[PDB]
Each structure stands twice: as structure tokens, then as C-alpha cells.
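A lone chain, given as C-alpha cells: the form deposited in one PDB entry.
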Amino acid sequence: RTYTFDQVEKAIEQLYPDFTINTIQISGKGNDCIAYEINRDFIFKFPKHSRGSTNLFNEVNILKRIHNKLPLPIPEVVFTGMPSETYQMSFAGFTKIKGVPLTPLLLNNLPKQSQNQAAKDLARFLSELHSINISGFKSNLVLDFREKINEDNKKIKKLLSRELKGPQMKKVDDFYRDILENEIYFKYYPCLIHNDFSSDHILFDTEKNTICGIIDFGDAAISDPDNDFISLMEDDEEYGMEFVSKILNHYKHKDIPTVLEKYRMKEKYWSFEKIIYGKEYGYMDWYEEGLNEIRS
């Protein structure tokens, strides 16, 4: 799905007649939504597809129920859209978190005290998040990893049936079986996780040199807390293993080798993710990357 500035203003006016829009510009794109900065202070998200609308609905709900529970600012829900045939949530408007992404580059050019404070503040944020009680959240917010693996396996076997040689598809089937047979991916204490926890969602106040917010809870779910560390670990694009180690220890994690193992698994698994989502949407260049990584 695609939007003009006019369509965006029209959707909003339709449910918020008195809200007069003075300025509008595009703040960012993501995997699910286009984000619009409206009147300087609000960020509106419009969904590009069915799945993104579904995630936007869950974002709104999760953000409302963890409002004011966390030690870092997070977006607050101010405006809400509505259902549309195939879209659960037509748009949502949030408070804008001030600041700039704490990029790997930015982090490494900070002095060591601030670097270390940052690791501490991230650890504390994740410790609080992972400590929120999950008894009240519905079934759909829980992630069944076994179900995900098994459904991905079937999607891979259909999609690649004519791309891969027999022995290669055998190796793919082996890879999945090994994941399923290894209990380390399923035997965890589930909690609320961010599930997209990376440097571009970590906003930074470069005047105080401290982290001043966390954004994008679109993927937030009940799942494995180790995933919030793994997503920061990739050498380029994200932070080093050295810096996440600092976070893990502030967090008081007792099994960093397991986090490392899980990371290594997700690193291989990403190629299949690219194949599935490369087809499932429209980018045949994400499809071709994954396929090339498998054949490598």
C-alpha cells in the first residue's frame, strides 16, 4: 500500500476533525510502516500491508499497557485509527521521542564513561522490560518458536523446490531438524521483549550524552529475552560483542555462551528469512541474497 500527504491528512481529519495539521513531513520508513512527523511533536504510522497493520495494532496495545513502567521514555499513544477490511489498525499517532539514533559510530566516538553509562542504561531498560508481569497478556502476543520454525520450513521447501539440488535441500532440512532438536531455543523463561532492539531504535541526547529513549515496539512480543541482546550483536550495522557483553553483565546474565550460540543460529537463519519475506512481499533482491547465501 502507498500514501500521499493528502490521503494521510484525510484519514486523520476523518477521525480527528478538530486536530488542525500545520506541518507534515515523512520521518522515516520501516519494514511495516511509513512514519509521518506532524506538527513537529507527533509521529503518525501508516501501514504498508496487512501484517504491518496487525503489528501496529499490537504496538498500540503494548505501548498503552507498558506506559510509564519503563526507565526510558517510549512513545505514548495519542491518536488511533480503525479497522479497514484487511487492516486491523488504519494508523496510529504517537508522541515523538527527541534525539538521534545511537549508531555504532556515534557510540564509539563517545568517551568511555558515557559508553559505559550507555551500556548500563540499556541493561536497566531491558531488565525492567523483561520483568514486567506477563499474566495479563493474551495468547496471540506469545511467540511459539517451534510453530515459526515448522511453518518456515514448509515455506522454504515449497519456495526453493526448484532452486536447490537434492543434497542442498537435505542440508536445509537437516538445519531445521537440528534447531528443533536442540532444547536451548525453547527452554527459556518467556517475558515481554522488544523484539526489534537495535541501534536505530535507541535514541540519544548528544547534549547530555545519555540515552533518551526507545522506539518501535511494532514487533514487541512475549518471547525469549536473549533475543533483545542478539539483535545488538552484529559487528557492522550493530554494536560489537564487546559492548553487548558490557550490557549482559550489567543485566547480570548468567549464561553468555547460550546467547552467543543463539546469535550464531539466528545469523544462519536470516538467509531463510530473506527468502520467505523476499517472496512474501516484493523484493526479489532479498530473495536472491538469501538464495546466494544458502548456496555459498
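For every residue, the number given is its place in the sequence shown, counted from 1.
State which stretch shows the higher mean Cα B factor in the entry: 165-173 or 79-87.
The entry gives the higher C-alpha B-factor average to 79-87.
Do the C-alpha atoms of 30-38 or of 225-233 have the higher average B factor in the entry?
30-38 has the higher mean C-alpha B-factor.
Out of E128, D144, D121, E151, which one has a C-alpha B factor higher than all the others in the entry?
The listed residue with the largest C-alpha B-factor is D144.
Per the entry's Cα B factor values, which of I214, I132, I193, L105 stands out as the maximum?
In this record, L105 carries the highest C-alpha B-factor of the candidates.
Where does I66 sit by CA temperature factor within its chain: lowest, middle or highest third?
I66: CA B-factor falls in the middle third of its chain.
Please place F137 in the lowest, middle or highest third of its chain by C-alpha B factor as given in the entry.
CA B-factor rank for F137: highest third.
With respect to C-alpha B-factor, does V259 fall in the lowest, middle or highest third of the chain as deposited?
Lowest third of the chain for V259's C-alpha B-factor.
Compared with the other modelled residues in the chain, in which third is the CA B-factor of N182?
For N182, whose C-alpha B-factor we compare with every modelled residue in the chain, the answer is the lowest third.
When the modelled residues of the chain are sorted by Cα temperature factor, does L15 land in the lowest, middle or highest third?
As the PDB entry reports it, the C-alpha B-factor of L15 lands in the highest third of its chain.
Separately, the form deposited with a small molecule bound exists; it is not shown, and the next lines address it.
Any chance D255 has a heavy atom within 4.5 Å of the small molecule in the deposited bound form?
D255: no, not in contact with the small molecule in the deposited bound form.
Should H201 be counted as a contact of the small molecule in the deposited bound form, where contact means heavy atoms within 4.5 Å?
Taking the distances in the deposited bound form, the answer for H201 is yes, it comes within 4.5 Å of the small molecule.
Quick one: does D121 come within 4.5 Å of the small molecule in the deposited bound form, counting heavy atoms only?
Output for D121 is no: heavy atoms all beyond 4.5 Å of the small molecule.
Using a 4.5 Å heavy atom cut-off, state whether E234 contacts the small molecule in the deposited bound form.
Because a heavy atom of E234 falls inside 4.5 Å of the small molecule in the deposited bound form, the answer is yes.
When the small molecule is placed as it is in the deposited bound form, which of 190-198, 83-91, 152-160, 168-176 ends up with heavy atoms within 4.5 Å of it?
One stretch meets the cut-off, namely 190-198.
One residue of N31, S245, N61, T54 in contact with the small molecule, assessed in the deposited bound form (non-hydrogen atom, 4.5 angstroms)
The option sitting close enough to the partner is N31.
Is every one of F137, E147 and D224 in contact with the small molecule in the deposited bound form, taking contact as a heavy atom within 4.5 Å?
No, the candidate spot makes no contact with the small molecule.
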